[PDB]
2 protein chains.
Amino acid sequence: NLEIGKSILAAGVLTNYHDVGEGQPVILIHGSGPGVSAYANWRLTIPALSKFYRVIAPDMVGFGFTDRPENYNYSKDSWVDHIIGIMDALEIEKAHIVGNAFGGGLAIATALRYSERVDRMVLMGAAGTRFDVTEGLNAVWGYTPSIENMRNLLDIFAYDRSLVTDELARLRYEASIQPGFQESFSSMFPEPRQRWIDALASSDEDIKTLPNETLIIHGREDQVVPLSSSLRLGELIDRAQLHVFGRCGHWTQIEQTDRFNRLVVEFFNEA
Amino acid sequence: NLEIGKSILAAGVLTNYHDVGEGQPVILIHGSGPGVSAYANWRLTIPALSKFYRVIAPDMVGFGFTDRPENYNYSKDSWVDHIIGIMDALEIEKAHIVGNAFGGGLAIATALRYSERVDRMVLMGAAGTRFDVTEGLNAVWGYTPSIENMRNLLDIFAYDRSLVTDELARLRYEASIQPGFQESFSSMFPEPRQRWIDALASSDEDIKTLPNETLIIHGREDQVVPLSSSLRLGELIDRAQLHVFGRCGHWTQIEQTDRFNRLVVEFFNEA
C-alpha cells in the first residue's frame with residue numbers, strides 16, 4: 001500500500017508520512033474526505049515539487065494511517081498541534097505550507113498560532129472562513145460506505161465525471177472501509193455539520209493579520225467549498241494572489257495537475 | 001522617442017507598431033488612458049515574451065503615433081477592423097491576443113467576429129462587460145492636461161503610489177500634450193461615459209460562445225475597472241482561468257511584471 005510511508009512520533013502520536021526531496025521544506029496537508037490520506041491527495045504533487053523542495057506530507061491524526069488514539073479530542077487546535085509536532089520531530093524550523101480544503105483551514109490556523117514557523121502558504125478550496133454548508137460537503141462528511149456512495153462523492157469532487165471510473169470508485173471505497181477508518185470518520189463531523197465549518201474557520205480579524213505571501217487556489221465548479229469562500233479569503237489576506245481554474249472542481253491538484261504544480265513551484269521559487 | 005517604432009498601412013490607416021521576436025505571433029493591445037501608446041503599456045512585457053514568441057504591439061487608431069484620420073468614425077467594430085487590418089498586413093493568420101483594459105474589450109470583440117484568427121487570449125482589467133462607471137475611469141477619460149492631473153491619474157492606476165514620481169508625472173504629461181493627442185482623446189469618450197463602457201462591452205450571450213482558452217488577470221485594488229467585472233468574465237467564459245493579484249492596481253503588467261510575464265508565457269506555452 002503506497003499510502004503507507006514512513007513513521008515518526010509527533011505530538012505524542014505515531015504518525016504516517018511521506019518525506020521526499022531536499023532543500024526548503026514544504027508541508028502538504030490533505031483534505032477531509034472518507035478514506036483520505038496524504039498520498040491519495042498528493043501523489044501527483046510530490047514528484048513535481050520534490051525536484052526543488054523537501055516535501056513532507058503527513059496523515060493528520062484521525063485520518064489515513066496515522067494512529068487514532070483512544071478518546072482523542074479532535075479539534076482545530078489539536079490538529080495544529082499535530083502539524084507543529086511533526087515539524088518539531090523533523091527539525092523543520094520554518095516551512096511553506098500547502099493546505100487542501102480541511103488542510104487549508106489548518107494551514108491558516110497554524111500560521112496564526114505559530115507565525116514564526118510558517119513562510120508562504122497555498123490554500124486550495126480551503127476551509128478557514130465561515131461559509132454556508134453545501135449539499136456536496138454534507139454528502140462528503142455524511143458518507144456511509146458503498147461503491148455507489150463513493151461514486152457520488154467522486155462526482156461531487158471533480159468537474160470531469162468521465163474521470164470517475166468503476167475502478168476508482170472501487171479502490172476509494174476499499175480505502176474508506178479499512179480497519180477503523182469509517183468509525184473515526186463518521187464520528188468526526190456529525191450533524192449539524194455547519195458547526196465544523198465554523199470550528200475550522202479563523203476570524204476575519206485574525207486572518208487580516210497574516211503577513212505571509214499567500215496563493216489562494218479554487219476550482220470555479222467546486223461543489224464542496226464555494227468559490228465565494230476563497231474570494232473572501234482573498235479580500236482578507238493582504239499579500240494574496242487568487243487563481244481560479246475554470247472547468248475544475250474540488251480536486252484541483254489532480255484535475256489541473258500541470259497548471260497547479262507550475263503555479264505552486266514558481267510561487268515558492270519567488271521566496 | 002522609443003514610443004515610435006515601425007510603420008505599416010493597416011485597414012487604410014498608417015499604423016505605428018513594434019514587432020519583436022520570432023515564432024508564434026502574439027498581439028498586445030494597449031489601454032485607453034491619455035498619452036497611451038503600445039510602447040508605454042508594453043515596454044516591460046515585450047522583452048520577456050519576445051524570447052519565445054513574435055510580439056506585435058500596435059498603436060490603435062486614435063491613440064499613440066498611428067495616424068488619426070480626419071473625421072474618422074471610432075467604434076468597437078472599427079477598432080476590431082484595425083486589429084484585423086494589422087494582422088492581414090503582417091500575414092498573421094492566427095495569433096494569441098493580450099488585451100489591456102480598453103484593449104481587452106477589443107480582444108473579446110475580435111475573437112467574436114474573427115474566431116478563426118484568434119487562439120488564446122489574456123484579458124487584463126479588461127473592458128468587455130457592462131460595469132458601472134467608476135470615479136477612477138471618469139477621471140481617466142475626463143483628463144485635461146496638467147502635471148497634477150496626470151499625477152492623480154497615475155495614483156489611480158497603481159497600488160504603490162511611491163512609484164508615482166514627479167519625473168513620471170512630467171513625462172506622461174508631456175506625452176499627453178503631443179500634437180493632436182489631447183484633441184483626439186477628449187473627443188473620444190465624452191460624457192456620459194457609461195455609454196462607452198457599454199459600447200466596448202460584448203453581450204453575455206456572445207461571450208459565452210467563446211471557445212478560446214482564456215486567462216483573465218486583475219488587480220484586487222483596480223480603481224478604474226472593478227474586480228467584479230473580471231469575476232463576471234470568469235463566469236461567462238468557459239475555458240477560463242482567473243488570476244487576481246493582491247496589492248495591485250490597473251497597471252498589472254508594470255506593477256507585478258515578473259509574475260505577469262511568467263503567467264502569460266506559461267499560459268501560451270501550453271498551446
Side-chain angles (χ1 to χ4, degrees), chain A residues 48 52 120-126 159-160 207-222 226-249 252-253 255-271, chain B residues 48 52 120-126 159-160 207-222 226-249 252-253 255-271:
Chain A
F52 306 105
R120 297 198 168 201
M121 288 191 286
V122 175
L123 308 173
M124 319 158 53
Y159 167 76
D160 181 13
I207 297 177
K208 292 179 181 178
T209 70
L210 291 170
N212 321 70
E213 278 293 327
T214 306
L215 172 59
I216 306 167
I217 296 173
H218 214 105
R220 183 177 61 198
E221 290 81 8
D222 195 324
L227 171 58
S228 61
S229 171
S230 281
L231 293 179
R232 183 53 174 165
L233 289 175
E235 305 184 316
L236 299 168
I237 302 179
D238 188 55
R239 291 178 171 290
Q241 290 180 75
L242 169 71
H243 194 92
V244 184
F245 291 112
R247 297 172 67 83
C248 184
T252 308
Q253 81 280 19
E255 303 181 67
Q256 308 265 311
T257 305
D258 297 328
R259 290 176 170 179
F260 177 86
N261 292 339
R262 271 180 284 156
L263 277 171
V264 174
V265 172
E266 295 183 308
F267 174 62
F268 291 152
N269 283 177
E270 229 188 9
Chain B
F52 306 105
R120 297 198 168 201
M121 288 191 286
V122 175
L123 308 173
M124 319 158 53
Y159 167 76
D160 181 13
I207 297 177
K208 292 179 181 178
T209 70
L210 291 170
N212 321 70
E213 278 293 327
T214 306
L215 172 59
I216 306 167
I217 296 173
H218 214 105
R220 183 177 61 198
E221 290 81 8
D222 195 324
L227 171 58
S228 61
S229 171
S230 281
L231 293 179
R232 183 53 174 165
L233 289 175
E235 305 184 316
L236 299 168
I237 302 179
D238 188 55
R239 291 178 171 290
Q241 290 180 75
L242 169 71
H243 194 92
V244 184
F245 291 112
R247 297 172 67 83
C248 184
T252 308
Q253 81 280 19
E255 303 181 67
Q256 308 265 311
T257 305
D258 297 328
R259 290 176 170 179
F260 177 86
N261 292 339
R262 271 180 284 156
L263 277 171
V264 174
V265 172
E266 295 183 308
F267 174 62
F268 291 152
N269 283 177
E270 229 188 9

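Residue numbers start from 1 in every chain, and the chains themselves are labelled A, B, ... in the order their sequence lines are given, proteins ahead of strands. Heavy atoms only: backbone and side chains are in, while hydrogens, waters and symmetry mates are out.
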Separation of [Y] [atom2] from [X] [atom1] (nearest 0.5 Å):
X	Y	atom1	atom2	result
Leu227(B)	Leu231(A)	CG	CG	7.5 Å
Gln256(A)	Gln241(B)	CD	CD	6.5 Å
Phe245(A)	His243(B)	CZ	NE2	9.5 Å

Mind checking side chain to side chain donor-acceptor pair (under 3.5 Å) for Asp258(B) and listing every partner two or more places apart, or none if nothing turns up?
none
Between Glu213(A) and chain B, which part of the residue has a heavy atom less than 4.5 Å away: side chain, backbone, both or neither?
side chain
Under 3.5 Å, is there a donor-acceptor pair between the side chain of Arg220(A) and the main chain of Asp238(B)?
yes
Among residues 261-271 of chain B, which residues come closer than 4.5 Å to chain A, judged by heavy atom distances?
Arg262(B), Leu263(B), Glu266(B), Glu270(B)
